[PDB]
Structure formats: structure tokens, C-alpha cells
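> Structure below; questions to follow.
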Amino acid sequence: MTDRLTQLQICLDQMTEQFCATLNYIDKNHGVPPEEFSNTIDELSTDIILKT
Amino acid sequence: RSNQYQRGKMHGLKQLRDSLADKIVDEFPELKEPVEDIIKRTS
Amino acid sequence: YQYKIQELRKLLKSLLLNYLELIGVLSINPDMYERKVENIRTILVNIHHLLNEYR
Amino acid sequence: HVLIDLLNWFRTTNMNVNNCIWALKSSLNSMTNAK
């Protein structure tokens with residue numbers, strides 16, 4: 001079995017990685033079609049909410 | 001080309017933060033009041 | 001311990017709110033964005049402090 | 001100078017944006033260690 005403290009550390013590390021990836025996508029994609037960009041960002045924000 | 005990139009990225013960022021504010025209000029109503037102030041802090 | 005739990009929850013909510021405000025700063029006036037960045041990190045750093053007593 | 005002034009201002013905005021992007025990348029690279 002996996003201790004829930006290790007799971008908590010894994011979850012926070014995954015959350016930090018997800019924020020880094022989301023902001024990297026924002027930085028390297030701002031300017032891609034607006035609709036696809038908006039859909040991908042909505043997916044990323046749903047991921048943020050679920051991770052929270 | 002640089003100016004068009006600037007305008008497109010400004011529009012993209014505007015829609016980003018509009019959608020993020022809307023959803024933060026939706027799932028977190030208790031934080032709704034600061035978020036609008038955040039807009040007032042940004043806009 | 002309930003006080004620490006509620007402090008952590010309010011700190012997480014404030015961290016999300018400050019992340020939203022910082023990305024808005026990047027959106028409109030990114031030139032001073034760092035002025036908030038380290039601030040957010042402090043809260044994150046405080047989170048680490050909040051782990052230290054829980055150890 | 002009119003075209004020159006507009007030209008220089010737009011150039012300044014362009015590499016200011018580029019420098020902001022590079023600073024963001026450097027900040028993430030530095031802060032990944034603290035993750």
C-alpha cells in the first residue's frame with residue numbers, strides 16, 4: 001500500500017508540474033487559432049480544478 | 001507582424017482571464033468578490 | 001489541528017486567487033509581473049512551514 | 001522621424017515582449033528546483 005503522505009507529495013508535485021505546463025503553453029501559444037486555444041485552456045482549467 | 005502578434009496575444013490573454021474569473025466565480029462563489037477586484041486591479 | 005487545517009484551506013484558496021491575479025498581471029502589465037511572483041512563492045514557502053509542524 | 005519614432009517604439013515593445021518571455025522561461029527553469 002501507498003502512504004497517503006507520499007500520495008500528498010505526489011499530488012502537490014503533479015499540481016506544480018501542471019501549473020508549469022499550463023503557463024508554458026500560454027507563453028508559447030499566445031498570439032494558434034483562438035477557438036482551439038480556448039478549448040485547450042478550458043481543458044487545462046478543468047484539470048486545475050480537479051487537481052485542486 | 002510583431003504588432004499583430006501583440007494584439008492576438010492580448011486578446012488571447014483577455015479571454016483566458018475572463019474564462020478563469022468566470023469559472024472561479026462559478027465553483028468558488030465565496031472568492032467571487034476579490035476576483036472582480038482583481039479585474040479592477042488589472043483593468 | 002483544526003486551526004491548521006482551516007489555515008491550510010484558506011492559504012490554498014488565497015494561493016489560487018493570487019495565481020489568478022498574477023496571470024492577469026501577466027495579461028495586462030507583465031512588466032511588473034515579478035512584483036507578485038515571489039509573493040506567491042512566499043505563500044508556497046509558508047505552506048512548507050505548515051508542513052514542518054505537521055511532521 | 002515620425003516613421004522612425006513609430007519604428008523604434010514598436011521595436012522596443014517587440015524585444016521587451018521577447019525579454020519578458022525569456023525571463024519567464026528562466027524563472028520556471030530556476031524555480032523547478034524548488035518544486
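Ordering of the C-alpha cells sets the chain letters (A, B, ...), residue numbers begin anew at 1 in every chain, and ligands are numbered from 1 in the order given.
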Using only C-alpha atoms, find the residues of chain D whose closest atom to chain C is at most 12 Å away, then write them as a PyMOL selection string.

chain D and resi 13+16-21+23-24+27-28+31+34-35

> Find the residues near residue 50 in chain C: any atom within 10 Å, counting only C-alpha atoms, skip ones fewer than 4 places away on the same chain, and give them as a ChimeraX atom specification.

/C:4-5,7-8,44-46,54-55

> Okay, now the selection with N, CA, C and O atoms, as a compact mmCIF listing (two decimals), in the first residue's frame?


```
# COMPACT_ATOMS: atom_id res chain seq x y z
N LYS C 4 -4.98 24.55 12.08
CA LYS C 4 -4.02 24.37 10.99
C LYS C 4 -4.71 23.92 9.71
O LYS C 4 -4.34 24.35 8.62
N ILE C 5 -5.73 23.05 9.82
CA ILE C 5 -6.43 22.59 8.63
C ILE C 5 -7.12 23.76 7.93
O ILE C 5 -7.01 23.93 6.71
N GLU C 7 -6.42 26.95 8.28
CA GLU C 7 -5.38 27.84 7.78
C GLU C 7 -4.85 27.35 6.44
O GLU C 7 -4.64 28.14 5.52
N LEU C 8 -4.63 26.04 6.31
CA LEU C 8 -4.16 25.49 5.05
C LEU C 8 -5.19 25.67 3.95
O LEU C 8 -4.84 25.98 2.80
N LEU C 44 3.57 29.78 -0.83
CA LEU C 44 4.03 28.41 -1.02
C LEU C 44 5.07 28.04 0.03
O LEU C 44 4.99 26.98 0.66
N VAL C 45 6.02 28.95 0.27
CA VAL C 45 7.02 28.72 1.31
C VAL C 45 6.34 28.55 2.66
O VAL C 45 6.68 27.65 3.44
N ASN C 46 5.35 29.40 2.95
CA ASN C 46 4.59 29.25 4.19
C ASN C 46 3.95 27.87 4.26
O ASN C 46 3.92 27.25 5.33
N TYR C 54 3.53 19.83 11.07
CA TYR C 54 2.73 18.62 10.93
C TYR C 54 3.59 17.37 10.90
O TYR C 54 3.08 16.27 11.14
N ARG C 55 4.89 17.51 10.63
CA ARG C 55 5.82 16.39 10.72
C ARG C 55 5.92 15.89 12.16
O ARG C 55 5.17 15.02 12.58
```

> Given the choices D:5, D:25, D:33, D:14, which gets closest to chain B if the distance is worked out from only C-alpha atoms?

D:14

> Got a sec to pull out which chain B residues are within 7 Å of chain A, counting only C-alpha atoms, and send them as a ChimeraX atom specification?

/B:5-6,8-9,12

> Keeping only C-alpha atoms, write the selected residues to a file as a PDB file, in the first residue's frame.


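Final file, result.pdb:
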```
ATOM      1  CA  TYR B   5       1.251  39.029 -32.535  1.00  0.00           C
ATOM      2  CA  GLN B   6       0.897  41.523 -29.672  1.00  0.00           C
ATOM      3  CA  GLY B   8      -3.554  38.429 -30.809  1.00  0.00           C
ATOM      4  CA  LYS B   9      -1.789  37.538 -27.572  1.00  0.00           C
ATOM      5  CA  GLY B  12      -5.952  35.522 -26.000  1.00  0.00           C
TER       6      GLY B  12
END
```

> Quote the spacing between CA of residue 2 in chain A and CA of residue 47 in chain A in Å to one decimal place.

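CA of residue 47 in chain A lies 23.3 Å from CA of residue 2 in chain A.
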
> One number please: CA of residue 22 in chain C to CA of residue 38 in chain B, in Å, one decimal.

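If I compute the distance from CA of residue 22 in chain C to CA of residue 38 in chain B, I get 9.2 Å.
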
> Enumerate as a short mmCIF file (atom, residue, chain, number, x, y, z; two decimals) with C-alpha atoms, in the first residue's frame the residues belonging to chain A that approach chain D to within 12 Å, with only C-alpha atoms taken into account.


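Below you can see part-v7.cif, which holds the result:
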```cif
data_model
loop_
_atom_site.label_atom_id
_atom_site.label_comp_id
_atom_site.auth_asym_id
_atom_site.auth_seq_id
_atom_site.Cartn_x
_atom_site.Cartn_y
_atom_site.Cartn_z
CA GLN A 9 3.59 14.85 -2.05
CA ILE A 10 2.95 13.23 -5.45
CA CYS A 11 -0.27 15.24 -5.81
CA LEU A 12 1.41 18.56 -4.98
CA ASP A 13 4.31 17.79 -7.34
CA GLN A 14 1.83 16.94 -10.10
CA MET A 15 -0.05 20.18 -9.37
CA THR A 16 3.16 22.21 -9.65
CA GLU A 17 4.07 20.43 -12.89
CA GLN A 18 0.57 21.06 -14.26
CA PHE A 19 0.81 24.78 -13.50
CA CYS A 20 4.24 24.91 -15.13
CA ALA A 21 2.94 23.14 -18.25
CA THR A 22 -0.16 25.35 -18.43
CA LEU A 23 1.82 28.58 -18.17
CA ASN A 24 4.39 27.26 -20.68
CA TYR A 25 1.54 26.55 -23.11
CA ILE A 26 0.19 30.05 -22.50
CA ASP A 27 3.60 31.64 -23.08
CA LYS A 28 4.41 29.64 -26.23
CA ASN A 29 0.88 29.77 -27.69
CA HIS A 30 -0.36 33.34 -27.11
CA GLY A 31 -0.84 35.26 -30.35
#
```

> Using only C-alpha atoms, pick whichever of B:22, B:2, B:27, B:35 has the shortest atom-to-atom distance to chain C.

B:35
